[PDB]
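First comes the structure, then the notes that go with it.
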Amino acid sequence: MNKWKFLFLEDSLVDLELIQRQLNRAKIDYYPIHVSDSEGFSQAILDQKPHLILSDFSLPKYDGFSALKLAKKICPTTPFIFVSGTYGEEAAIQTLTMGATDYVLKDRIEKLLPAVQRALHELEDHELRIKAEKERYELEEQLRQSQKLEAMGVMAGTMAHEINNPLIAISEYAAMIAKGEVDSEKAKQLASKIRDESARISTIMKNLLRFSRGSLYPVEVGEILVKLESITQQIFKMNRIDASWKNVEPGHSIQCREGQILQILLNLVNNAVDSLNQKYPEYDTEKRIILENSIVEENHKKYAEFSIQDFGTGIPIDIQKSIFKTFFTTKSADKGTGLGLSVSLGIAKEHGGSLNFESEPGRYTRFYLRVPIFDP
Amino acid sequence: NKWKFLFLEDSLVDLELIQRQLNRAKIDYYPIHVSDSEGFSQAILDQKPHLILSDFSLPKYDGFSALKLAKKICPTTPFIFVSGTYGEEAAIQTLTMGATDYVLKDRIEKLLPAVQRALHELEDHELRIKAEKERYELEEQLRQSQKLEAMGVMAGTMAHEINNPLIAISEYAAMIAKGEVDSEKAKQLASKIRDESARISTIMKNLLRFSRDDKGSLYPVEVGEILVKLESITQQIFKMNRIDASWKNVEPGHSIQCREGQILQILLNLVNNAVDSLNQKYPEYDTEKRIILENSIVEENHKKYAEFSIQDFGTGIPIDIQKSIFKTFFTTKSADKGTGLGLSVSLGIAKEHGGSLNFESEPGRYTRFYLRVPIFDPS
Ligand SMILES: Nc1ncnc2c1ncn2[C@@H]1O[C@H](COP(=O)(O)OP(=O)(O)CP(=O)(O)O)[C@@H](O)[C@H]1O
Ligand SMILES: Nc1ncnc2c1ncn2[C@@H]1O[C@H](COP(=O)(O)OP(=O)(O)CP(=O)(O)O)[C@@H](O)[C@H]1O
Ligand code: BEF
Ligand code: BEF
Ligand SMILES: [Mg+2]
Ligand SMILES: [Mg+2]
Ligand SMILES: [Mg+2]
Ligand SMILES: [Mg+2]
């Protein structure tokens, strides 16, 4: 609502006005929270979560020694600055040793602004560091999508080049028949050649598709979950996503290409992060993701179900039937290739599994991959 | 691991007692023995021991002075006192002075747990690096696999959009070949064959335009933004591969008409080739596993160009293949680690920018690739 949140523990309305006047001269955008006792101070820290505490030493019923001791217990990372008129500088330095972040004397109120600015500058710097890491990650991901598109482009080019020669032959033979440049008997021969060139195009593509494409082996389900956790923890941290796990079922193995199963799961996670960042551009308590594994039984067969539930935008009903189609994306093409869900569905079927989803618009989306357990 | 243990001890008899306890444990260590301050000081600097075991009372030298020096020169090296000169009440105090552990000579059985804990802490640090390296390798393996998967999906989609007209061509051709149609229907069917062949060409053109035309107009970009982004992306690459990366020159304040993302793709492609060449030549840590990254302004044919240069000292490029690199799908790496597309895409991108991509290499010594892009200057 308001950028900074400042907690003032102060009993003098006159001194509060003096302190605030110095901050307002700087056009600092802060939300003031004023408290004069231990209950208000204790409640305001927990419920309001201030980014900075400014405390008086002497309040009726409350003291800055107790306030500092409470702050070190409840909000250790929050900067705490004393601003008091009850002692000199000799006494004030000692308070820093007690773990105050800074100390401002009321008779030297000009010192308040540098103390506040340093604390705010340090807070911004911490935010700036996380942001630079997020931007670096996004740039790395854009380059990776671009390298993927170039390889697709090279494959489209090579297949077009090997096909155009027989395609030309088809057009010349058809043109000779259509032009009437051939007797009835040559037209049958040319029509035979057209069939052979059409069969050639189908074979060239088959040899190419086989060139562009390991055996399944038993893999422990737990090995997959540890790898998925290990890969996505940093993604959630960079995106400030809260990640919850509800259940696991290791000690069951599946016949899979482990790398391809992890590829499915990673694609769903990427869809969840994009959905979450679109709904919650800043930090929000509802920017959460649920990751679960479970054993499911279907048609008297047991399956390992991997589930990824995000609380982002959900999938609008008009597009929900069209989401596994190749190249379908609602993101601007610069950020979305539309290949994630279609590749994951292809891989899932190759493993004898299924990929399905449930979503309620504006609430959640849950994608789940089921793969049959290998029982020897 | 071949640990290196520095022993500051003046009694050869007590040294044999200490070493005998470690040798019973089959601890693989290299002993370094010193009895004075000069030998102790040199051994820390020159040999870089992984553990220091020190006596308190050596003639001409003392463990208080040893601790103070160790804290100045090798603060992170574990330091365990092993002395016969005092009791446990005095020994506990030595830990407060920053000894890692204290072993009494009369209780030499306590030496092994102190050493094992110190070695385990070193191993744990090595284990952490290994787990991070393995995680990074798996992420790169998954990304390479996804690139191969995308190529397969594009090959599949073009086959699906083409097969419908291919079926029609084959059916129409079959009716003509059987003679089941008069001469006028055969000409009409031949026209349909022509129309379906043109359709296949159009389907392919629309697919190729999505794969090679969603690129963007050229815009002026400042050279320095490209260099900072390249630095930020490759810092982690060099750290994971234990590559020493040096920059010889930069030339910001010059701009080029480019697709910034495509320029970074060239440079990143050259970097990946350097890392692979370097990893093939130096599988372990080596001081010559170095990379030189430079930018400069170059003049060619009375035109000024921004040159980005990447020089690795890895596996030189053999003369027989030097003439063939940059060809589409040419790779000497296995399929698990190479598609052969990096240099061919980079040469295309360089030409689309009015630039060139070139290289110099001496076999067994170094390779230098350099990308030239024209400076944007209306004047
Ligand atoms: N968790 C999620 N939340 C909201 N929408 C989602 C979603 N997962 C998928 N979608 C929708 O389905 C579409 C299909 O996405 P898909 O993964 O197939 O391609 P993509 O647009 O995500 C780029 P990429 O192929 O690189 O993953 C998305 O563009 C989006 O509109
Ligand atoms: N710095 C370098 N040192 C040694 N050989 C190099 C090299 N740069 C390129 N090469 C050689 O040229 C080949 C072409 O590399 P290119 O990048 O085009 O495809 P690639 O083999 O590296 C797999 P990818 O297409 O995924 O990058 C390499 O496989 C390698 O044999
Ligand atoms: F009451 Be306070 F210490 F200014
Ligand atoms: F001489 Be030592 F300190 F055992
Ligand atoms: Mg007061
Ligand atoms: Mg996706
Ligand atoms: Mg001695
Ligand atoms: Mg390469």
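By order in the structure tokens, chains are A, B, ...; within a chain, residues start at 1; ligands start at 1, following the order shown.
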
Exercise answer, 6 Å around ligand 1 with only C-alpha atoms and all ligand atoms, as JSON, numbers by chain: {"A": [267, 271, 272, 275, 313, 314, 315, 323, 324, 328, 329, 330, 331, 336, 337, 338, 339, 340, 341, 342, 365]}

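Those residues that approach residue 290 in chain B to within 10 Å, counting only C-alpha atoms, are residues 238, 242, 243, 244, 245, 246, 274, 275, 278, 286, 287, 288, 292, 311, 312, 313, 314 and 366 of chain B; same-chain residues fewer than 2 positions away are not listed.
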
Strand (DSSP E or B) positions in range 93-305 of chain A, given as number ranges by chain: A: 102-105, 217-220, 242-245, 253-256, 288-298, 301-305

Those selected residues, please, written with N, CA, C and O atoms and delivered as a compact mmCIF listing (two decimals), in the first residue's frame.
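Result file is result-v5.txt:
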```txt
# COMPACT_ATOMS: atom_id res chain seq x y z
N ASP A 102 21.62 1.74 14.95
CA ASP A 102 22.15 3.10 14.98
C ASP A 102 21.47 3.79 16.16
O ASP A 102 20.50 3.28 16.73
N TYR A 103 22.03 4.92 16.55
CA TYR A 103 21.52 5.76 17.63
C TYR A 103 21.44 7.24 17.30
O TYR A 103 22.34 7.74 16.61
N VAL A 104 20.27 7.87 17.47
CA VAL A 104 20.16 9.28 17.14
C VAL A 104 19.74 9.99 18.44
O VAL A 104 18.79 9.57 19.11
N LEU A 105 20.46 11.06 18.81
CA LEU A 105 20.08 11.89 19.96
C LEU A 105 19.03 12.91 19.56
O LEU A 105 19.23 13.66 18.60
N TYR A 217 14.86 -48.00 -18.14
CA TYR A 217 15.48 -48.73 -17.05
C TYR A 217 14.73 -48.41 -15.76
O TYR A 217 14.07 -47.37 -15.65
N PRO A 218 14.79 -49.32 -14.77
CA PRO A 218 14.16 -49.05 -13.46
C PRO A 218 14.85 -47.90 -12.73
O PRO A 218 16.06 -47.89 -12.54
N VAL A 219 14.05 -46.92 -12.31
CA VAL A 219 14.53 -45.80 -11.51
C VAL A 219 13.70 -45.65 -10.24
O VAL A 219 12.47 -45.75 -10.27
N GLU A 220 14.38 -45.42 -9.12
CA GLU A 220 13.72 -45.18 -7.85
C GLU A 220 12.98 -43.84 -7.84
O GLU A 220 13.56 -42.80 -8.15
N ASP A 242 6.76 -19.51 -2.36
CA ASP A 242 6.65 -20.43 -1.23
C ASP A 242 6.31 -21.84 -1.73
O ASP A 242 5.22 -22.05 -2.28
N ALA A 243 7.17 -22.83 -1.48
CA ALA A 243 6.95 -24.15 -2.04
C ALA A 243 6.67 -25.11 -0.90
O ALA A 243 7.52 -25.35 -0.04
N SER A 244 5.47 -25.69 -0.95
CA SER A 244 4.92 -26.70 -0.06
C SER A 244 4.86 -28.10 -0.66
O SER A 244 4.55 -28.26 -1.84
N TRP A 245 5.18 -29.12 0.14
CA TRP A 245 5.18 -30.51 -0.31
C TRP A 245 4.14 -31.15 0.60
O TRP A 245 4.20 -30.97 1.82
N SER A 253 9.61 -48.25 -7.88
CA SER A 253 10.43 -47.90 -9.03
C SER A 253 9.54 -47.97 -10.26
O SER A 253 8.51 -48.64 -10.27
N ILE A 254 9.93 -47.17 -11.26
CA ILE A 254 9.33 -47.13 -12.58
C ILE A 254 10.38 -47.36 -13.66
O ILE A 254 11.56 -47.00 -13.50
N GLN A 255 9.95 -48.01 -14.75
CA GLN A 255 10.75 -48.16 -15.96
C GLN A 255 10.65 -46.85 -16.75
O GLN A 255 9.60 -46.54 -17.33
N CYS A 256 11.71 -46.06 -16.73
CA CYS A 256 11.69 -44.76 -17.38
C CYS A 256 13.07 -44.38 -17.91
O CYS A 256 14.06 -45.08 -17.70
N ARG A 288 2.21 -19.05 -3.89
CA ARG A 288 2.58 -20.36 -3.39
C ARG A 288 2.40 -21.44 -4.45
O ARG A 288 1.55 -21.33 -5.34
N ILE A 289 3.18 -22.51 -4.29
CA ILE A 289 3.15 -23.70 -5.13
C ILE A 289 3.13 -24.94 -4.24
O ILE A 289 3.78 -24.99 -3.19
N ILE A 290 2.36 -25.95 -4.66
CA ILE A 290 2.25 -27.23 -3.98
C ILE A 290 2.82 -28.30 -4.90
O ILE A 290 2.38 -28.44 -6.05
N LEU A 291 3.78 -29.05 -4.38
CA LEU A 291 4.43 -30.17 -5.06
C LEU A 291 4.18 -31.45 -4.28
O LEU A 291 4.50 -31.52 -3.10
N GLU A 292 3.56 -32.44 -4.92
CA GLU A 292 3.24 -33.66 -4.21
C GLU A 292 3.60 -34.84 -5.10
O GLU A 292 3.53 -34.74 -6.32
N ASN A 293 3.94 -35.96 -4.48
CA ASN A 293 3.93 -37.26 -5.13
C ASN A 293 3.03 -38.20 -4.34
O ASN A 293 2.89 -38.07 -3.12
N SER A 294 2.42 -39.15 -5.04
CA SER A 294 1.52 -40.10 -4.40
C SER A 294 1.46 -41.37 -5.24
O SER A 294 1.91 -41.40 -6.39
N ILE A 295 0.95 -42.44 -4.64
CA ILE A 295 0.64 -43.65 -5.38
C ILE A 295 -0.85 -43.62 -5.67
O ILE A 295 -1.67 -43.49 -4.75
N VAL A 296 -1.20 -43.75 -6.95
CA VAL A 296 -2.58 -43.79 -7.40
C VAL A 296 -2.86 -45.13 -8.08
O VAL A 296 -1.99 -45.72 -8.73
N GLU A 297 -4.09 -45.60 -7.90
CA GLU A 297 -4.56 -46.83 -8.52
C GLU A 297 -5.62 -46.50 -9.56
O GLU A 297 -6.59 -45.79 -9.27
N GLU A 298 -5.42 -46.99 -10.78
CA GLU A 298 -6.35 -46.76 -11.88
C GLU A 298 -6.51 -48.06 -12.66
O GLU A 298 -5.52 -48.66 -13.08
N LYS A 301 -4.52 -50.93 -11.71
CA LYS A 301 -3.09 -50.73 -11.87
C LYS A 301 -2.64 -49.58 -10.98
O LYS A 301 -3.32 -48.56 -10.89
N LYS A 302 -1.48 -49.74 -10.33
CA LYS A 302 -0.92 -48.68 -9.51
C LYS A 302 0.01 -47.81 -10.35
O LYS A 302 0.87 -48.31 -11.07
N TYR A 303 -0.12 -46.50 -10.16
CA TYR A 303 0.69 -45.48 -10.83
C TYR A 303 1.32 -44.57 -9.79
O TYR A 303 0.70 -44.24 -8.78
N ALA A 304 2.56 -44.15 -10.06
CA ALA A 304 3.14 -42.99 -9.39
C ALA A 304 2.60 -41.72 -10.04
O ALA A 304 2.82 -41.47 -11.22
N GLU A 305 1.91 -40.91 -9.24
CA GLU A 305 1.41 -39.60 -9.65
C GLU A 305 2.35 -38.53 -9.12
O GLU A 305 2.59 -38.44 -7.91
```

Contacts of range 176-181 of chain A at 7 Å (only C-alpha atoms; same-chain gap of 6+ positions) as a PyMOL selection string: (chain A and resi 187) or (chain B and resi 187+190-191)

Per residue of chain B within 7 Å of chain A, record the nearest atom pair and its distance in Å to one decimal, counting only C-alpha atoms, with rows in chain order and ascending residue number, as CSV.
```
residue,atom,partner,partner_atom,distance
B:142,CA,A:259,CA,6.5
B:147,CA,A:148,CA,5.3
B:150,CA,A:152,CA,6.4
B:151,CA,A:152,CA,4.9
B:152,CA,A:212,CA,5.1
B:154,CA,A:152,CA,5.9
B:155,CA,A:209,CA,5.8
B:156,CA,A:209,CA,6.8
B:159,CA,A:205,CA,6.7
B:166,CA,A:198,CA,6.2
B:170,CA,A:195,CA,5.2
B:173,CA,A:191,CA,4.9
B:174,CA,A:191,CA,6.9
B:176,CA,A:188,CA,6.1
B:177,CA,A:188,CA,4.2
B:187,CA,A:178,CA,4.6
B:190,CA,A:174,CA,5.1
B:191,CA,A:178,CA,6.0
B:193,CA,A:174,CA,6.3
B:194,CA,A:171,CA,5.5
B:197,CA,A:171,CA,6.5
B:204,CA,A:160,CA,6.7
B:208,CA,A:156,CA,5.9
B:211,CA,A:153,CA,4.5
B:212,CA,A:153,CA,5.6
B:233,CA,A:140,CA,6.9
B:261,CA,A:143,CA,6.7
B:265,CA,A:143,CA,6.4
```

Output for the residues just chosen: C-alpha atoms as a compact mmCIF listing (two decimals), in the first residue's frame:
```
# COMPACT_ATOMS: atom_id res chain seq x y z
CA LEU B 142 18.53 -31.75 -19.33
CA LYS B 147 17.10 -28.95 -27.47
CA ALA B 150 12.50 -29.66 -29.83
CA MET B 151 14.24 -30.63 -33.09
CA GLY B 152 12.29 -33.89 -33.08
CA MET B 154 9.57 -29.74 -35.36
CA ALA B 155 10.36 -32.70 -37.65
CA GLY B 156 7.14 -34.36 -36.48
CA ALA B 159 5.55 -34.46 -41.46
CA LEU B 166 1.01 -36.13 -49.91
CA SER B 170 -0.54 -40.19 -54.31
CA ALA B 173 -1.48 -39.91 -59.32
CA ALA B 174 -2.76 -43.46 -58.79
CA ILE B 176 -4.20 -41.34 -63.61
CA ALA B 177 -1.76 -44.25 -63.63
CA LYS B 187 -5.48 -33.18 -66.77
CA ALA B 190 -2.77 -33.33 -62.67
CA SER B 191 -3.75 -29.74 -61.84
CA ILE B 193 -1.41 -32.57 -57.99
CA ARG B 194 0.23 -29.24 -58.88
CA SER B 197 2.59 -29.68 -54.36
CA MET B 204 6.90 -25.56 -45.17
CA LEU B 208 10.19 -22.01 -41.53
CA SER B 211 11.34 -20.87 -36.82
CA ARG B 212 13.54 -18.21 -38.44
CA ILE B 233 26.35 -15.28 -17.74
CA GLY B 261 20.09 -11.49 -27.74
CA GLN B 265 24.08 -16.20 -28.53
```

Could you tell me, counting only C-alpha atoms and all ligand atoms, which protein and nucleic acid residues lie no more than 6 Å from ligand 7, written as a ChimeraX atom specification? /B:9-11,55,57-58
